[PDB]
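Peer 1: This one's experimental. Sequence and coordinates below.
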Protein chains: 4
Amino acid sequence: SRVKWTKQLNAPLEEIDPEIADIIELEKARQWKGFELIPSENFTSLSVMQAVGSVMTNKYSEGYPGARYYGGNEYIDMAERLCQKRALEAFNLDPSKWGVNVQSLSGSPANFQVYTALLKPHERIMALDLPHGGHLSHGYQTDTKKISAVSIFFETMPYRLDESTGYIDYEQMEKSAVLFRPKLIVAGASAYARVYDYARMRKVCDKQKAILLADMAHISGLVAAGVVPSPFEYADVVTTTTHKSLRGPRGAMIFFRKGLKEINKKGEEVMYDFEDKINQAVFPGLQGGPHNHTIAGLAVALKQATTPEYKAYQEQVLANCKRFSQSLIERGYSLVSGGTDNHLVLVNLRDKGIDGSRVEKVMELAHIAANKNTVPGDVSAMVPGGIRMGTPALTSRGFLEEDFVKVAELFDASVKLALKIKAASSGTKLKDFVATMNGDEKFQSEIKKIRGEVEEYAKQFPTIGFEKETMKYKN
Amino acid sequence: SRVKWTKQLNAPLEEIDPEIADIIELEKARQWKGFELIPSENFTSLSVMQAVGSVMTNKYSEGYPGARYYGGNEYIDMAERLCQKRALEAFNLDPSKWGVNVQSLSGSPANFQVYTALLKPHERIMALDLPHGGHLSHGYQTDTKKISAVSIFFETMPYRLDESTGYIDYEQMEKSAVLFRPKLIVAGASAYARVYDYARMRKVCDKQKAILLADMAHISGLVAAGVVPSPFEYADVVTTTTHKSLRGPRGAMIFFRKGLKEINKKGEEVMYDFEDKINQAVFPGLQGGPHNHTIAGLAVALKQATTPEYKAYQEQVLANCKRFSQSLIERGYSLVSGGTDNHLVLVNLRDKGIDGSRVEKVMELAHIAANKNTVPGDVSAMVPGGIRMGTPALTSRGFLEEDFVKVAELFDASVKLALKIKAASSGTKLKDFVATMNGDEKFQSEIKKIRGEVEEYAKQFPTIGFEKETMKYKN
Amino acid sequence: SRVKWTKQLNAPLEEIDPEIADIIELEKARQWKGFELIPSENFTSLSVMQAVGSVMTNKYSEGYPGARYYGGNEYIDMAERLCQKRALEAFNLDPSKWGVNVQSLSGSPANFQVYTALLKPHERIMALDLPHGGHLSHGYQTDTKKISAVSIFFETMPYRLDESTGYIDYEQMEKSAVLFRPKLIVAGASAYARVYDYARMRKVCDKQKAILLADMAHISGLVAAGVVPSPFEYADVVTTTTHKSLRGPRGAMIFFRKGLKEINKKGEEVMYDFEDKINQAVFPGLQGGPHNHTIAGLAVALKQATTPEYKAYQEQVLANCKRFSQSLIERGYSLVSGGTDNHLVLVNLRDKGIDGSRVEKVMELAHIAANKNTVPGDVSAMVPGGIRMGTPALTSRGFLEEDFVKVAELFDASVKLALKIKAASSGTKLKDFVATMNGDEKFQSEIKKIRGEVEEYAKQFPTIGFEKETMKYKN
Amino acid sequence: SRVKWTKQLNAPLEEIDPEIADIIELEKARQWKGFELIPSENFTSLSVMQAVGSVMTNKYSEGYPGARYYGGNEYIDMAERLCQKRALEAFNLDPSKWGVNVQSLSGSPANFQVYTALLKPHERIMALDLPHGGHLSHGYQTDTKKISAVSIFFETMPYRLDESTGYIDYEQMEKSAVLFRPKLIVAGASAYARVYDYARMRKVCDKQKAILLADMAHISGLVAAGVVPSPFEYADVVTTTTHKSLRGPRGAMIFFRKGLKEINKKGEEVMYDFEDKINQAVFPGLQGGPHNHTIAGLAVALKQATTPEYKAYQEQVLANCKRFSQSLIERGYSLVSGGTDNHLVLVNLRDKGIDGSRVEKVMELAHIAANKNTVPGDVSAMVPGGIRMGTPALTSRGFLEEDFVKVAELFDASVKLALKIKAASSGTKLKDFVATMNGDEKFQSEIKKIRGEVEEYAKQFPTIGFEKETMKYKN
Ligand SMILES: Cc1ncc(COP(=O)(O)O)c(C=O)c1O
Ligand SMILES: Cc1ncc(COP(=O)(O)O)c(C=O)c1O
Ligand SMILES: Cc1ncc(COP(=O)(O)O)c(C=O)c1O
C-alpha cells in the first residue's frame, strides 16, 4: 500500500488520467490550428507555465514577506520579494513612491479588494459603462437586476462614450461627477480602442476629491514596453490582470502610491494611506494564503516584460493592429472611434445589415475566435451590433502585418457568408440562424473552406508553450 | 526581431529566469529535507502539477459549460464538466440532489460568494469564533476593528466552545440563535480537532429557518475516503478548499442542494434555491474568467481521491495522528479538547513554561515546519500558547507511525532546547530570545546536529511531484 | 378691510366646523363619565392647552435660539430658551453637565434621532423585547417581518424578562450583550411594573464601551417629582415623551451629557460628544421647523412639574397604585412581578380562565378604559392573557385612597361578567363572545348596572381642562 | 392638597405661567405690526387653534380607525375618518383611486415615511437641488458632510435649474435619471417660482420605472382651490405640510394611489402597492400615537379649504404675487425666471450690486420679514445673492394688490438704504456692514424712515386668530 500511493503521486498525467491528458492535447491542437483574435487572450511562455506547475503550490504562506504566520517560508519570501521588486521595476516605479501587492488571485477580485480597502460599503464609484467597453468588476446593473456584486456592495454610476465620436465623453463624465460625488473613479476598459486621457481623469478626480483607479488589465504589457502612455503618471491605484496584454500567469497586481502625498496649507505632511488598507483587504480581508506557484510564474513574466524582445513584440502588437484597422476600413467596415491606439478594434456591423451574434457563430465554426460586442447605436444590449478583435495572441505566434491583412480578408469572407446565411435564414431568432447554418450544406461547404484556409495559414506559425513534434494530434 | 521572440516564448525556465529556477530548486530541497508539520499543507501529485502548468491557462471561458460568452470552449467545457462529474462522484452525491461550482479561486472567496448569493448585504450569519478554532471567512471583530471583510458586508455573531470540554456548546448556540435570528449558520473550523454533530445543527437551522453551510476545508479528503461522517448528510451548502486534505491544486468548490426540498402544507412542492444564485454570485457576481488550468488539475486530483490508494492514505493520516497524540502524551504534553478525531494535534504549551513563538523559531532552525497557534487559555492574540501540527504532508511521502514517533521525539528535543534558550535569555520579550538563540556557539551546535538528524530521517522518503535525480541541490 | 375671507379666519369653531366642535364635546363627556386606566394616558392642564392653541404655531423658526434661518424669532427664542432652562431645572440638572433638545415631535422620532445622531446605519442596538414590556421605537421584528423602522435602518436584538420572577433578566442581558456587541443599550419600558436597575445598566455599558440611553417616557413625571430613582444618575442620553406621566403636551425631549466625560484612567482628556450630533440629527437631519406652540405648552408643563402640588400628585400616583394592587390581590388576582414600584399593574388573568381581549371588551362596554397585555405563559401575541391598568389619569382628577378600591371592585365585576358571557358563548372566537355580549339581554342588564356605577362614581370628580357647566353633553 | 393640583390643572395661562403668557402677547404684537413676506408662513384660523388646543390631545389611539390597539376611540375614530374624507374631498380625489394618511407629524418626517415605505435602505432618490429651490427632506450633502438624514439612509442625487432661464432643466434630469437609475423622483420645491411640468416628470418616471412623489407643501392651498394644475393628475404619491399655503395646523398628509393600476397586457389585473406600505411605515414603523388634537385642527382646515371664500383667497394670493412681481420688475429688480406662476418671487439682488444677507438685515430692522436665498449663479452659498418673498401671510390679513405695490415700494426703500450702508462700509465683510448700519445715526433714523411706515400700514389690517382689543401690547 505504502509505495503504491507514492508512485500514484509521481505518475505522469498521461498514465493516471488519459481523458484530461487527451483534453489538453485537443486544446493544444485547437490553439495551433486556430486564429485567436480575442484581445483578452494570449499565449503564455513555457517558462511561466513551468513555474506555475512547480511545487511552489505546496507552501502555505499566510501574510507578507518578513511578517508571515507560518514558518519555512525563506524561499517563498525570496520569490515574493523578487516578484514585488520586478513588478515595480517593469513599470519604472520608485519603490518609496509606489508599492505593489502581487497576492491578488485575478482581476475581478483585485478591483473588489481595492474598493473594500479604500471605500466604506455603499460609497460611490464611477466607471465606464459595460456596453461602452467597461468590465463587470467596475459595477453593472440593468433596468431589472444587479449583475456585478460591486453594484450590490457599492453604489455605481456609469460614464458613457460620445455616441457620435466613439471616444469617452469627458464633458458628460465631469458633469455627472459633480452631481454624483463619487469617492473613486475607474479609468479602465476591456472593449475600448483608444488611450485614456489620464490627465483629464486626474483633474476631474482631484476637483471631486476622488481616488483615481486605473484598470490597465487590457494594456499592461503595452505600458511595460513604453509604447502607450503609463497610467502611473496620474493614477493613485493601478490594478491589472497578469494574463492578458502582459502575457504572464492568471493572476492580478495592485499598485498604490505610498510615502508623502504633499505638504498641506498648514505645513504638515499628508502621507498616502493606501498600502496598509489594500494589503489588509487582500489578506486577511478577502483572500487566505497566496498561490506561490502563480507568484513564481508572475515573477518570470515580469523579468520577460523588461527585455528588448518584449518591447519588439508589443510595438509589433501596435503596428499589426494599425494595419488590421486599415485593412478592415478599406474592405468597407465601420470601426467605433474609426481606428485604434492599441491592441484591439471594435467593428460596428450595423451598416452591413447583420449583428455580432451571427458573425461570431460563423467565425467560430471557421476556427476564428472573436466575441460579439455592443456598439454605439444599439437599441438593446442583448442584441450586439458589433464584433471585437485583437492582435496579441497571433502576434505572440509571430504574425506580422501582411498576416493580419490575410486575417482581415478571411473575416470579410466570414461576414459575407454570415449575410448569406441570414438571407436564407428560415426565421429571425439566433436558433433559426444556426438551424439554417447547419441545415444547408452550401454554407457548411463555405465554412469548411474558410476554416481550411485559416488552419493552413495558422499551422505555418510556431506553437507557444509546447513543441509541434511531441503533440498527439498532428493531422 | 521577426522570429527572435518565439524562441524566448518556448525556452525552458532554467534558461529563462535562473534566479526563480534556483529559488524553486531551494524549495524542492527544503520539502525533501524537511519535517512538514503545517496541517493546512500537503504534497500535490505530478499529474495535477502537469495539468496546472498546461496551456489550459490560455483560454478565456467566462460563464459555464454550454453557456459561455466566448466561443472555442469545446475542450474547456469537456474539462469543467469532467471536474463537476468527478467532484460529485468523490463525495457520493446524487447529481439530481447536489450541484457543484468548481470555478471559485480559493476558500475565503468561496464562502463570500455563498453569502453574496444567499444573503442581502447586512443580513445575519452565525459562525464558530476565531480564537476557539474558526476561519477568517466566518467573520471576526475585536473591541477595535473589523479584520475579515465578511463582518464589513454582513452582520456576524459567533458561537463559542464549552471552555472546560473543548467541544462546541450546542445550547448557548441555540439560545443565542433564537435571539440573533441568523439567516445562515456556518459549521466548520481550522484549529478544531473534533468532528461536528451535523444532526443537531440541522435541527437548530430548521428551527430558526436558517441555511446550513458546512466548511469542510480541513477534512475534505477525510470525507471523500468515507473515514468520517459526510457533512452532505445534513448540510444545505458545502464549501471546501481543494489544496489541503483533498490533496489537489489551490482552489475551492461550492456544493449546493438542488431539486425537491419538501412539500409545503398547501400541497405544493418547494424546490431548493441555491444553484442559480451561487453560480451567478461566482460569475458574473465576484469573479471573471475561470482558471481552466486549476480546474483541469482539480479534475485529476478528484479522480485520484476516489481510488483505494487514496482511502489507504487518509486512514494512514488518521492512524499517524492517533500515534502522534499518544507519543506526545508519553512525553507529557497537553492536547486541547483532550485528544484528536482527525489529522491535526494542537499542543497546549502554556503549562510547559514556553509560548508558540520561541518553539516555532527553533523548529524552523531545525527544518521542522510547524506554526504558532492560540489555544483556549492564552493571554492575547500575538502571544501564542500552542503549536499546531499535522500528519497529511509527511504521510504523503510514506511516513508510517513509528516515523511520527521519531518526529515527536525530535519535536520534544526542539521544545527542550527552546526552554534551555528562554531560561538563559537575559530579557523576557521574543527579541532577547532570538538574540541569544544565534549568538551562542553551544545552542547553535545542538541546533545544527538536530537539523542533521531531521535531514537524515527526512531524505530517506521519496520526493513527491519530482525526481530526486535531477535535483540541482543534492546535499 | 379689503377682504372676502378673514370673516372665516376669526370666527370661532362655531359654525366654521359644527361636526368637529361636536366630536370634541362628545370626547369631553367621555373623559368626564369614564374610568381612564390606560397607564400612558393623562389629562393635560388648561394652561398647557391654551399655549398649544396659541399663534406661536404661525412662526417658522428652523434652527436653534440665536442660530436660526429666519428673522423675527426674538420671542420664539425666548420661549425655547425658557423651555430648555425649565427642562434642565425640572430634573435637577447642572446646565454645564447636561443639555436638552425640546424640538423632537414625539417619543418614537426622539429615539430615532438619538440613533441617527450617535450610530452609523446598521450599527447595533439592544432594548427590552416588545411583548415583555418594551416599545416599538426600540426595535421590533417577528419571525417573518420587520415591524419598527428602527429594525430596518439599525440592527436590533432584544433582552427578555425572567418569566419566573417578572423582573428584567439582567444576567442573560449581560451575556447576550457580550456576544452581540451593541453600540447602544436602551433602558426603557411601557408595560413594566418595576423600576430599572440603572446602576447595573451603567456597568454593562461601561464593560461593552456602549451608550446608555434611558427612555423614561412612562416615569418622567415620577422622576421630575423625585419619587423614583432618576435615570440621569447613570444614563449618557435620556429621552422622554412630554405627554404621559409628565402631563404636558404631546412632544418629546432629548437630554444628553456635555462637557468633560472623565480625566480617564488611561491618558487624554475625553469630552462628551453628543450635543452637536443630537442637535444636528433633529435639525437639519430629520425634522424641519419646530412646533413653537407645542414648545410653549411644554414650557408651561415643565414650570408646573417643579411645584409642590405636582410632587403631591406624583406621590399620590404611586400610593394609589400600591393600594390598587393590594385591592386586586385581596380579590384573588395575580399581578406580573407580584406587585408594582410605579404607576401601573399588569393583571395575569390566566388563573381566572379568561383572556385579556374578552375582559377589555366588557370593561370598554362599561366605560372602563384598560388594554389587553401579554403575560408570561401566553402562547402568542394574538391572544393576550392579561390586563394593564394605571393611576395617573384618574389621580389627575383627584382619585385618592379608597377610589382605586372602587376601581378594583368594578374591574372585578367586569371580569366576573366576562366569565359569564364566555360561558354562554356558542363559539370559541372573540366574534362569538362580542355577539353574545351585545345580543344576549341577560348580560345587557348587568352591563348597564356596572356602566351606571362607573359613571355615577367618575362624574363626581372635577373635569380637567374644561368646565362641567359648558358641556353640550352634560347628561 | 388634592384641591391644589386640581386647581393648578384648571387655572388659565395668564395665572399659571405669566412669563409664557407674556411671550405669546409679545408675538401677537409682532404678528400685528409687521410685513410677513416669508412665503412658507401664514396665519392660522382661530377655529383650527381651538381644535388644536382641545382635550383631543389626551387620547392615545395607536393604529387606524376601526383597527386601534386601545379602546374608547369611538370619537377619535370619527374625527380621523372625517379628516380623511375631507382631505380627499378638498383635492377632488376619487376615494377608490386615492387614499390619505393624516397621522404624519410634519413635512420632513412625512417624506421620510414615504421613502421608508417604498424603498429599501440605500435605494436611490432624485430631487431638486437645495440651492436651486429644493428642500432638505429630499436629501442634501456638501463636499464634506451629509446634511439631511435622507442622504444618510438613502442615496440621493440632485437635478438643477437651467441657470439662465430659472426653470427646471428637464432634459438634464432625464439624462441624469438614465445614468443614476432612481427608484423615486421628487417633484417639489420650497423657493421655486414656477409650476412643475408634472406630465414631463410622469414621462421620465414611466421610462425609468420610478415612483413620482409630488411634494406640494408650498402650493397645497393653491391646488385645493384649483387655481394651479393639481399634481394628483400625475403623481403616484403626494406629500404636503398642513401649515403653509393650506393654512391649517402644523402637521402633514400623505396621499397615495390605491386600487387598479393597469392590466399587465398578459391578462392579469395589477394593483397599486402604496397604501399598506405607507400606513405601516407611519405606524408602527416610525411614529407612535397620533396627535388627535392636530388631526381635529386639520379637519377644520380642510373644511375651510372647500369654501368659496377660501378659493377667493388663493386667487388673491396668485393675483397679489403677479402684481408684486410686476412692481418689482418696473422698479428694476431681477426675478429668477423673470416672474412667477405661484405665491412667491425670488429676487436676484446681485444685479443691483448687493447680496441677500445685507438686504435681509436692513429689512428685518424695519419689520419686513423676508429671507436670504441662493439664486442660481451664486459663487457658493453662505453669502447668498437673493431675497425670497411671498404673498400668503399678508393676503390672509387682507392685503389686496395696491397693498403689495406699497410692499414693493418699502422693500425697494430698504434695499436702497442697504446700498447706502454698503457705500459707507469701511470693509467688505458682513460685520463692518452691521457696524456701519447700527453706529451711524443717519442710517439708524432712516431705518425708522420705514418700520414706522411699515408698522402703520400693517396696523390698519385685521389681526388673524386674536382680537385687537384683548391684546396686551397695543401701544
Ligand atoms: C479592464 C479589466 N479589468 C478587470 C478584469 C478582470 O479579469 P479576471 O477575469 O481575471 O478576473 C478584466 C478582464 O480581464 C478587464 O478587462
Ligand atoms: C417608552 C416609550 N417610548 C416611546 C414612546 C412613543 O411616544 P409617542 O407615542 O408620543 O410617539 C412611548 C409611548 O408612550 C413609550 O412608552
Ligand atoms: C417642499 C417641502 N417639503 C417638506 C417640508 C417640511 O416641513 P416641516 O418643516 O413641517 O418638516 C417643507 C417645509 O415646509 C417644504 O416646503
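Peer 2: Arrived safely, thanks for sending. Residues are numbered from 1 along each chain as shown, chains lettered A, B, ... in the order given. Ligands and ions are numbered 1, 2, ... in the order given.

Peer 1: And stretch A:458-467, what's buried?
Peer 2: Going by neighbour count (16 or more other CB atoms under 10 Å in any protein chain shown), the buried part of stretch A:458-467 is A:458, A:461, A:462, A:463, A:464, A:465, A:466. In this view, the C-beta of every residue, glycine as well, is placed from N, C-alpha and C.

Peer 1: ok, the second one - contacts?
Peer 2: What that stands for is residue A:461. Under the criterion of CB atoms under 8 Å, 6 or more residues apart in numbering or on different chains, the neighbours of residue A:461 are A:394, A:397, A:398, A:399.

Peer 1: Mark which of the buried residues of stretch A:458-467 are part of helices, please.
Peer 2: Here DSSP state H is the test, and these give residue A:458 as lying in helices.

Peer 1: What about residue A:123, how many residues nearby?
Peer 2: The criterion is other CB atoms under 10 Å in any protein chain shown. On that basis, residue A:123 has 15 neighbouring residues.

Peer 1: Go ahead and confirm it touches residue A:155.
Peer 2: Yes: contact status for residue A:123 versus residue A:155: in contact at 6.9 Å, counting by CB atoms under 8 Å.

Peer 1: how about the contacts of residue A:461, which pair is most distant?
Peer 2: Considering CB to CB, no two members of those lie farther apart than A:394 and A:398, which are separated by 8.5 Å.

Peer 1: For the residue of the stretch 1-150 of chain A found nearest ligand 1, which non-adjacent residue is spatially closest?
Peer 2: Scanning the stretch 1-150 of chain A for proximity to ligand 1 using CB to the nearest ligand atom identifies residue A:107 as nearest, at 2.2 Å. Closest residue in space to residue A:107, ignoring its immediate chain neighbours: residue A:241 at 4.0 Å, by CB to CB, 6 or more residues apart in numbering or on different chains.

Peer 1: The one you found touches residue A:104, doesn't it?
Peer 2: No: between residue A:241 and residue A:104 no contact is recorded; they are 9.2 Å apart, counting by CB under 8 Å.

Peer 1: show me the contacts for residue A:140.
Peer 2: Under the criterion of CB under 8 Å, 6+ apart, the neighbours of residue A:140 are A:130, A:134, A:147, A:148, A:150, A:151, A:156, B:284.

Peer 1: Recalculate using a threshold of 10 Å.
Peer 2: A:127, A:129-131, A:134, A:146-148, A:150-151, A:156, A:158, A:381, B:284 (CB atoms under 10 Å, 6 or more residues apart in numbering or on different chains).

Peer 1: And residue A:394, by the same measure?
Peer 2: Going by CB under 10 Å, 6+ apart, residue A:394 touches A:34-37, A:41-43, A:317, A:320, A:324, A:369, A:400, A:403-404, A:407, A:457-458, A:461.

Peer 1: quick one, domains of chain A?
Peer 2: Structurally, chain A divides into domains by automatic domain parsing as follows: A:55-304, A:308-459.

Peer 1: Let me see the contact set for residue A:459.
Peer 2: Shown here is residue A:459, whose contacts under the criterion CB under 10 Å, 6+ apart are A:32, A:33, A:34, A:468, A:474.

Peer 1: repeat that for 7 Å
Peer 2: A:32, A:33 (CB atoms under 7 Å, 6 or more residues apart in numbering or on different chains).

Peer 1: Likewise for the one 5 residues further on?
Peer 2: By CB under 7 Å, 6+ apart, the residues touching residue A:464 are A:43, A:396, A:397, B:9, B:10.

Peer 1: Name the nearest residue to it, sequence neighbours excluded.
Peer 2: Computed as CB to CB, 6+ apart, the closest residue to residue A:464 that is not its neighbour in sequence is residue A:43, at 3.8 Å.
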